[PDB]
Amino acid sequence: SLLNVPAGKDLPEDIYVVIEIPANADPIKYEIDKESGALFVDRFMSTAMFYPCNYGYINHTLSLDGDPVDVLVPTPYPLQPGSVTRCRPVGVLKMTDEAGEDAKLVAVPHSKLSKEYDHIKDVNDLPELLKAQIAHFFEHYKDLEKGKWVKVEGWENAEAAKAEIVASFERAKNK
């Protein structure tokens, strides 16, 4: 199942991301159920917004919210929910939501999948529009849902992203 996919070939540089939500999709918030490996509908989002990138997680990690760490993956074409993409972390958007600190990593397709993102080595190489769109999305996507909310704290670099990967990988290792 999706439950059995590694965190990565060589974390934190070389990771796999399980996709839950495609870029530019209908506002259905899918989440993989850890017990079954199945894709569940968490909610029908209430704002008229879409994820700027594919959205998913790194398996065999545990963030402080109790779920695997959250990752955005830009691609040339939207990915299928439940698919897995090999990627390389390049930055992280720090934020707190209704449950606490819950960072949003950005990882680009690995060179072996495409050469398109090889020039993106660190967070400053991400397009400014994309970064602003991501920040705006997380600032506002919960605006019409009672008891959900976000404080966006700012962009940090690839080293920071990799530290978060390692930390949440080690957290799951000793659960």
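From 1 onward, residues are counted along the sequence shown. Here, rigid core means the biggest group of C-alpha atoms that superpose within 1.5 Å across both forms.
In terms of root mean square C-alpha deviation after superposing on the rigid core in 4 other deposited structures of this protein, the stretch standing farther out between 125-133 and 61-69 is 61-69. With 71-79 and 96-104 as candidates, the stretch whose CA atoms show the greater average offset from this form in 4 other deposited structures of this protein after a core fit is 96-104. Higher mean CA temperature factor between 47-55 and 66-74: 66-74, per the PDB entry. The PDB entry reports B-factors from which the mean C-alpha value can be compared for 144-152 and 37-45; the larger average falls on 144-152. Across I21, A167, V18, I15, the entry's maximum B-factor at the CA atom is seen for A167. When the modelled residues of the chain are ordered by C-alpha B-factor, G91 sits in the middle third. Ranked against the other modelled residues of its chain, the C-alpha B-factor of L11 as given in the entry falls in the highest third.
Remark: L79 belongs to the lowest third of its chain, ranked by C-alpha B-factor as recorded. For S114, the recorded CA B-factor ranks within the middle third of the chain. Only modelled residues enter the ranking. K121: CA B factor in the highest third of modelled residues in this chain (values from the PDB entry).
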